[PDB]
Amino acid sequence: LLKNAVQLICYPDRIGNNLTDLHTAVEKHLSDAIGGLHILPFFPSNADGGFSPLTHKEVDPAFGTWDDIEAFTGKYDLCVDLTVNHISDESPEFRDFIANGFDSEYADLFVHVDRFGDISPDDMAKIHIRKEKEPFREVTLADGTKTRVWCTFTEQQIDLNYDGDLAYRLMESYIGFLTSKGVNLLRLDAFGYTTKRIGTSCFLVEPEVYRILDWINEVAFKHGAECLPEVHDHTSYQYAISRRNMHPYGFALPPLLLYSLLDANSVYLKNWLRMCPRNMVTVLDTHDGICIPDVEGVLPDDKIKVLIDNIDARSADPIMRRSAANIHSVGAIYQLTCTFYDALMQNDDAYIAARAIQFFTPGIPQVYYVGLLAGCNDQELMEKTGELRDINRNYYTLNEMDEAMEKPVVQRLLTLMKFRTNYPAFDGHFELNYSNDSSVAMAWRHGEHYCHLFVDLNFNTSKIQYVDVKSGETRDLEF
Amino acid sequence: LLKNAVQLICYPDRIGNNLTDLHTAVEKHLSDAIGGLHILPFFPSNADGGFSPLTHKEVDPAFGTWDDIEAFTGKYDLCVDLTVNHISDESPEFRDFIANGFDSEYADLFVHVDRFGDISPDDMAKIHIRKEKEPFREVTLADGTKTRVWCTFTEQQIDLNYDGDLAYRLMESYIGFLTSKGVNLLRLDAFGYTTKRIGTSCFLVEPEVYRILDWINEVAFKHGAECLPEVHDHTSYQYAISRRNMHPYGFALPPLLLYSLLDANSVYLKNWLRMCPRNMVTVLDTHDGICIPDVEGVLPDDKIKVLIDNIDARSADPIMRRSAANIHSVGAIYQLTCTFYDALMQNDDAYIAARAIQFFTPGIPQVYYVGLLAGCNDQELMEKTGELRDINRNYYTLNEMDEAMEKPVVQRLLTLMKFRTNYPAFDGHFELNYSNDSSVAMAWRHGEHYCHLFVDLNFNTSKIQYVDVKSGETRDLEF
Amino acid sequence: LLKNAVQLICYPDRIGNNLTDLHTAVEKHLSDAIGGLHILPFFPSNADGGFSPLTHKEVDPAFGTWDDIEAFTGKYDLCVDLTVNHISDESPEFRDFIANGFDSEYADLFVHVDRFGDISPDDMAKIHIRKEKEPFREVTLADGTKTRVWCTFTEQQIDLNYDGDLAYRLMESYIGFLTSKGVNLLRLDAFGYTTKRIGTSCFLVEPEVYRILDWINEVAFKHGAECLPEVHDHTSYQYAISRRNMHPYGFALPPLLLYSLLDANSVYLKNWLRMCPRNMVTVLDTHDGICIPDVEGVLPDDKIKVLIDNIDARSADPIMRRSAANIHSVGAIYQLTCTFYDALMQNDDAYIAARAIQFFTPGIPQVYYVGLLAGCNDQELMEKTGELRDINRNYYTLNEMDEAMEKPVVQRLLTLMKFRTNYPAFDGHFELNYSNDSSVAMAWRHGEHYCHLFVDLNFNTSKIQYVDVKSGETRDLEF
Ligand SMILES: O=P(O)(O)O[C@H]1O[C@H](CO)[C@@H](O)[C@H](O)[C@H]1O
Ligand SMILES: OC[C@H]1O[C@H](O)[C@H](O)[C@@H](O)[C@@H]1O
Ligand code: NA
């Protein structure tokens, strides 16, 4: 069991300069407002913001040491990424492949494109790949031979072969090591691409995907860890995850709420909460930006397009899904590049009301560090480094964070976080209440404990009433 | 009969400094990659990038001499402009009109607005306008009298009167001189504007336009030349040209391919290839902007707005087709001001694929020099001269071209150009192949010679298989 | 080479009672108004209105004898159907397959489904079939063995195998026999389905389709006959046919005029006329319903829907394409079940104006007999026999035809037919004229001969002025 408490999502090096400064910031400000951390990839990596790890057993010295990670465990749950799809081209295992060729003992760890034979144009177009080139890298071996390996993402990320056995060893090896350092929750990064079969989309291929997923879940449970598979596709996949004793992501909530607050409409939101999957980890913002496929169905297309058209002016160029010439269409946008606070027009009341609704949604709530600090789109950071997503990946010095913590909106968010992390009613059962089509009433009951949220989307007001058991009376949370 | 080879579209003075530097670059890089040249207007001109010639019988000394032109004819086809619509106001023929008035023997060579009497506003609205004012210039005669002449374009370009006889004389004289210098292909510039009749659109007025067009074709054949009539409107006009033993423009192809690659959609392209006008000169980019009206019907309107909206960010202010009686009105989009490479987001694979599809399209392919060198939008040049289309009219020094020739994408383009100009299969018959809705299959067969293009618009991939006749085996072209 | 004259489309037994009554009716009224006939299938048939022939070498005694056929030849062109795709299951060739099994010498004449092995679900969904059943018929052999054959249409129609040799003879045998009886023009029924290749649409498969189509055309040319391949799909195929010395169908014209007249719009019509494929056979109504896919592109989707909604009230249930649950969507309708006269709301002026535009469209005009007699939707005939297309397949007795010939509107149409068949200008060249966007101006010139149509689509007015060579002056055709 994880702590039913708010979690902080954060990089190692963007609050302060390293894992030690991160720990300093948490203890100074968040020591009793969060119950866990999701520390974004802190491994030796050579691509894509830490998501091309050479191994899961080392910490990039630029960030700290394993002792600096274990400083968080013992008081906080620890969520860490497991890049189950791919490992770096600089990894010991893949470098051994280039030197020795197919004589390498790590050969069957990777996907060899010539194994599949000729792939028809139809089977190629099926493949759910998000840039405009084939997912195939031609690498040159030490002996001069040219061969191709499966490569979904950037070329420094070589995909693993779940049709062989070696890949399961490596994950089981990684999991054993991470759990020994105190990892409670394994975020299964990009698991949907693990399933390759020519003739299918090679993404979330059923029922193979769940067998791979049940296996990893068993390994984590053996080593005292639960799983958080991250998938950006139709929400029906989140329920499949939910029904296999794993934590799905509440990705539908961010755009569902953004539309809901901007348009003063509680209908689709109440419909969702009433049927939202269980054991999910709810988010508003992530390190990636607001994802659209995750709300298809949850929100009608015309209302999704209203959302897209409303945010376009406050957001940088969106991340696109491939070959979508119609760049202002629901079917074209993959992720909206925007801080969540800019998505609500820097409206304090709207942002707090959103976080309250998140906190009363069933599941473990994660708060992204930029959102924690009510960060705005980082134009300056985005314009250097070229990374489109850095618009939501502010760097903070410890002073700049101390200063952001004094903003009135952050003090308000900080009270919600303390209330959600400590008040016992959230350990009970969720009971949605009746409301009109422009306001939402959410409540939690655990024995004598009870708390009740009411948000009027017409005026962005947030009211929480809770029962103080030490006195029996009903008080107003001041936030 | 023209050479079935790639042609270069180029100015005299924008590779190096003159026609002499131009000839140097052709022999160094393209000597066996092109079979002809379209050298943009190199006559004495006083407006609009050479298109206001005082005569077609002289070479602007800033560019070179007629001897510099004939250096190209001995080895290459020569396509040169015939401004059938207009000649300069500094021309001898028009200056004689200013001095002597209507007593000049060249008076009936020009269109006098006063023939019509009053022109009602309704008759004005029929005529489209390429300037910001009515196409009527008030000129002052030597004796002080004020009279008006028809002037479609800039006021230094005076339109000719094809209701009289003098205009046919001048064209026949112009044609004779150019063919005597080795000109094979006469580009009839803006011939659609030659037909004037109040009560009509004064543009492509039927059937007068075809009689004017059959006449010039007659003169050219006598002097050993074929014609390339330039008309930017519905593709139906391109077929009428094809059916009169003239070369139409494959003007439909550029915006069609831009869409086909951007959206990974081969349906509309495949339909067009199946019915494309025959004996046409195919282009992707020209010395002008990418023209939209030329793809109506070929491409549904909703997809055209998609295409236009996708290019808006990568293109300058568009050229508009305004009507009269309404001179300060946004009007309809005519040409997108953009390099073809910036129109494909500078995606190398997509650009090579575009040229591959062009080169397998039936007809003589022209490659515009900027496209040859994978040039980007020239913001600095456009802002320096104020000419909106100079964003696609880059200047290259001999060094700047030599360096651009070593770019990998230009090396790939140069391999295709050598293949298309030399491989004999293109002299046979075109045979389109079946494919899915995201790929194109084009093939050419001439006896034992056979070559096969496959372009997957999902991944922007280009594959050509050709048969080496001296051995009978099938090889892959490396590009 | 055919007579450039109006042709009659007619059944054998639906004017009068047999072919002799047809000959009687033709000579009495049309003897100098048409130059040829399209006699719909008059062979022994057991399915689909005559299109399931047991042989092309016999005439169904219910219709007459071959002598009744040769009575038309010598004075009229003769167009007869060649069902190149399929022959009846009661045919001599196929019964031998049932009797002997694969030991039959006619075994390789038919397509055996088990030859292809497993067909993936994707390869089945590709198949362009407009029914909701697999195009596979399970037949029981005489020896009890069960095997499957390819069957596009009704189960009495077994498809032919153009991967073998027997199919080509059977056509060559049919063609030799039909041309020996005086047939000029072979209507190649449903030729698009002759190409089978698993993984393709099995319809118009390029370039195989032209391999088959160039073959038949020569075999027909050998025996003094030209071909009329019927295909209902995008017009690009019509030019593809046109460019191989065969006659395409002007299938785009019927719905194009219907829109143009109903909405007073000549824009798309003039565009088509300017570029329409020629050496085509033009039709307005046929023995089939008014076909929608043949005008996609020629007419924008929004304007096609205008047509569909206007015809919905005056038409029976339309024939649908496969799994088209959206019964009010351009992409769903295949053919509109309606006579052409009811499609123009029984407006005499509008119907004549349509026929006038047809007769001046480049190509051989066919007049369907129901259109000839200005027939209305036959509710009674449709509700009996259950055949949805019989709403356009009126039965006429010899009296009923004599009576309809006296209708004022039929007298006008009969004047046009004489003019289009006899006036020599139509043997010259087509010249489209300028007109506003709500009227059409069409003219023909052949030497001294000249005729000029002007149709105002606002008011359905028809005027034809011709140069009478018997006096040299310009007269008005009275219709
Ligand atoms: O309609 P277009 O093609 O842009 O105009 C054409 O005639 C004009 C005057 O000759 C020139 O401005 C263009 O360079 C030429 O291509
Ligand atoms: O595979 C790694 C990529 O996708 C993952 O889901 C990460 O969340 C994203 O930040 C990264 O770009
Ligand atoms: Na693409």
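Residues numbered from 1 in each chain as written, not as in the entry; some residues may be left out. Chains lettered and ligands numbered in written order. Part of a larger assembly, values for the part shown. Heavy atoms only, no water.

The deposited coordinates for this entry were obtained by X-ray crystallography, with a reported resolution of 2.72 Å.

Draft legend 1. A look at the site of ligand 2. Residues and elements named next belong to chain A. Close to ligand 2 lie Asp 48, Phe 51, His 86, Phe 153, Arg 187, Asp 189, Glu 230, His 287, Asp 288, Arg 389 and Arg 393, which account for all nearby residues. At 2.8 Å, a side-chain N or O of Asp 48 approaches an oxygen atom of ligand 2. One of the side-chain nitrogen or oxygen atoms of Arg 389 is found 2.9 Å away from an oxygen atom of ligand 2. Out of a free accessible area of 310 Å², ligand 2 has 91% covered by protein chains. Class assignment of the residues belonging to the shell around ligand 2 gives a composition of two nonpolar, two polar and seven charged. (Near = heavy atom within 4 Å. Polar contact = N/O pair within 3.5 Å; in protein donor to acceptor, adjacent residues only side chain to side chain. Areas by Shrake-Rupley, 256 points an atom, 1.4 Å probe, with all protein chains shown as cover. Nonpolar A, V, L, I, M, F, W, Y, C, P; charged D, E, K, R; others polar.)

Draft legend 2. Representation of the relation of the copies chain C and chain B in the model. Between the two copies, chain C and chain B, the superposition gives an RMSD of 1.8 Å; the rotation angle is 179 degrees and the shift along the axis is 0.0 Å. On the angle and the small slide along the axis, the relation comes out as a two-fold axis. Residues of chain C ranked by C-alpha distance from the rotation axis are headed by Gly 297 of chain C, positioned 3.2 Å from it. Taken as a fraction of all interface residues of chain C, those also at the interface in chain B reach 97%, which identifies the copy contact as same-surface. (Least-squares fit on C-alpha atoms. Contact = heavy atoms within 4.5 Å.)

Draft legend 3. Structural context of empty space enclosed by the protein. Applying the stated criterion across every chain yields a total of 11 cavities of 30 Å³ or more. When its volume is computed, the largest cavity comes out at roughly 140 Å³. Together, 13 residues line the largest cavity, and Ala 240 and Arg 244 of chain B together with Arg 274, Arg 278 and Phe 430 of chain C are the ones closest to its centre. Put simply, the parts of the chain that give the lining of the largest cavity at least two residues each are α9 (267–275) and β15 (429–432) of chain C. Of the residues forming the lining of the largest cavity, the biggest block, three residues, is contributed by β15 of chain C. Here the residues of the lining of the largest cavity are counted per class, giving seven nonpolar, no polar and six charged. Each pocket or cavity is described by its volume, and for the second largest cavity that value is around 80 Å³. (1 Å grid on protein atoms, 1.4 Å probe; cavity = no way out; pocket = protein on both sides within 12 Å on 5 of 7 lines; lining within 4 Å. Points joined across faces, edges and corners; volume = space filled by probe spheres on them. Helix = DSSP H or I, 4+ residues; strand = E, 2+ residues; numbered from the N terminus.)

Draft legend 4. Layout of the coordination of the sodium ion (ligand 3). Residue and element names in this part refer to chain B. Coordination of the sodium ion (ligand 3) by the protein is provided by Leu 261 (O), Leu 457 (O) and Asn 460 (OD1), with metal-donor distances spanning 2.6 to 3.0 Å. Read from N- to C-terminus, the donor residues coordinating the sodium ion (ligand 3) fall into the pattern L-x195-L-x2-N. Residue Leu 261 is located in helix α8 (residues 253–263), and its partner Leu 457 is located in the loop between β18 (449–456) and β19 (461–467); the two are separated by 196 residues in the primary sequence. Comparing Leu 261 with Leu 457, the two get one shared label, buried. (Donors = N, O, S within 2.8 Å, 3.2 Å for Na, K, Ca; no water. Buried < 20%, exposed > 50% of the residue type's maximum accessible area, 1.4 Å probe, protein only.)

Draft legend 5. Just the site of ligand 1, in detail. All names here are of chain B. Neighbouring ligand 1 are 16 residues, the closest being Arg 130, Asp 189, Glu 230, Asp 288 and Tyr 334. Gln 335 places a polar side-chain atom, nitrogen or oxygen, 3.5 Å from an oxygen atom of ligand 1. Of the residues in the shell around ligand 1, the class split is four nonpolar, four polar and eight charged.

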